[PDB]
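Nothing in this text is a laboratory measurement; each read-out follows from the coordinates by a stated rule. Please note: Cβ atoms are built from the backbone with ideal geometry, for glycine as well, and neighbour counts cover all protein chains shown.
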Amino acid sequence: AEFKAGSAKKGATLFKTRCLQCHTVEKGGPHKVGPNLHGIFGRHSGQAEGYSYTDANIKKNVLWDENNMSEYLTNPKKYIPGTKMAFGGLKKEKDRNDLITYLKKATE
Ligand SMILES: [O]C1=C2[C]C3=C([O])C(=[C]C(S([O])(=O)=O)=[C]3)[C]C3=[C]C(S([O])(=O)=O)=[C]C(=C3[O])[C][C@@]3([Br-])=C([O])C(=[C]C(S([O])(=O)=O)=[C]3)[C]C1=[C]C(Br)=[C]2
Ligand SMILES: O=S(=O)(O)c1cc2c(O)c(c1)Cc1cc(S(=O)(=O)O)cc(c1O)Cc1cc(S(=O)(=O)O)cc(c1O)Cc1cc(Br)cc(c1O)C2
Ligand SMILES: O=S(=O)(O)c1cc2c(O)c(c1)Cc1cc(S(=O)(=O)O)cc(c1O)Cc1cc(S(=O)(=O)O)cc(c1O)Cc1cc(Br)cc(c1O)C2
Ligand code: HEC
């Protein structure tokens, strides 16, 4: 994938409606269904403090960046088989670009 900056505004709507149920983004935020995502960019998978991951997520050991995040969000179970993240994916490039533009800002 080749991330291209999009609309953080639209990305925020995508995050609220599709991700927020399971994830928080702020520093020291709680673990809902999934892990808090503060500082996710530049960190490896399966390493948020206090969260219990699948072995698959931990074994994947991916160093998250905007490009492999886009691939992941296209179809998470195809990128990390065995993950317990219940999310089908976002097929549209624009949606992934907008969401990741938001996520970069919201989790930094
Ligand atoms: O435009 C277009 C179209 C129509 C529309 C519009 O315009 C709008 C919106 C809509 S809905 O339905 O989705 O709501 C439709 C407005 C806008 C918005 C945006 S955000 O960011 O918010 O998302 C953006 C924009 C707009 O306009 C800009 C742009 Br879409 C455009 O316009 C276009 C394209 C683009 S990309 O990204 O893809 O490149 C951007 C154009 C169009 C198209 C269609 Br199919 C429709
Ligand atoms: O909620 S979204 O992710 O935004 C979303 C967006 C669209 C949908 O239809 C579906 C969901 C609905 C949907 C869901 C699945 S699922 O994964 O088994 O749940 C399979 C299909 C499908 O329609 C069949 C299908 C699969 C693929 S793939 O590359 O092998 O994954 C590609 C295309 C397909 O046509 C063609 C296509 C490309 C893009 Br780019 C965008 C769309 C699109 O068709 C629009
Ligand atoms: O050419 S592009 O600019 O690269 C381009 C970009 C995107 C496309 O899908 C399509 C083409 C492909 C595409 C092409 C046509 S057509 O040529 O008019 O026949 C209709 C659709 C469509 O997907 C269905 C469609 C219609 C509308 S509208 O408001 O009623 O006009 C709005 C949206 C729609 O989803 C949602 C949407 C909004 C924005 Br803002 C951006 C995209 C987007 O979805 C991304
Ligand atoms: C619950 C129903 C979820 C939804 C909706 C979304 N995610 Fe998720 N995510 C969830 C879980 C339970 C996990 C852990 C997976 C495991 O196998 O242990 C995750 C994981 C992620 C990750 C990786 C985090 C890390 O490695 O530290 C990311 C980057 C992530 N989730 C992002 C994300 C986004 C952006 C979502 C909206 C599109 C989203 N997830 C939906 C649970 C759920």
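Of the residues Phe41, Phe3, the single one that is within 16 Å of ligand 1 (Cβ to nearest atom) and among the aromatic types (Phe, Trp, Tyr) is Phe3. Note on region 36-108: enclosed helices (runs of 4 or more DSSP H) holding 2 or more residues that are touching a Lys or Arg at 6+ places or on another chain (Cβ under 6 Å) and not aromatic (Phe, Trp, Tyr) are 66-74, 93-107. Would you say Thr107 is crowded, with 18+ Cβ neighbours inside 10 Å, more than 21 Å from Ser52 (Cα to Cα) and among the hydroxyl-bearing types (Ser, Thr, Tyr)? When the stated conditions are applied, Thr107 does not pass them.
Would you call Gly11 in a helix (DSSP H, G or I), small (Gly, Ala, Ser) and either within 16 Å of ligand 1 (Cβ to nearest atom) or closer than 22 Å to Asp95 by Cα (or both)? Yes: the conditions hold for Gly11.
Within region 67-97, the set of residues being within 16 Å of ligand 1 (Cβ to nearest atom) and touching a helix residue (DSSP H, G or I) at 6+ places or on another chain (Cβ under 7 Å) comprises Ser70, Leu90, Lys91, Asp95, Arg96. Being more than 16 Å from ligand 2 (Cβ to nearest atom), more than 12 Å from the chain's Cα centre (by Cα), more than 16 Å from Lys10 (Cα to Cα) and buried (at least 18 other Cβ atoms within 10 Å of the Cβ) holds for only one residue in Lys84, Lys60, and it is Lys60. Of all residues being of a type in the set (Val, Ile, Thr) and assigned to a loop (DSSP other than H, G, I, E, B) in region 14-35, which is surrounded by the fewest Cβ atoms within 10 Å (Cβ to Cβ)? Just the residue, please. Filtering first and then ranking leaves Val33.
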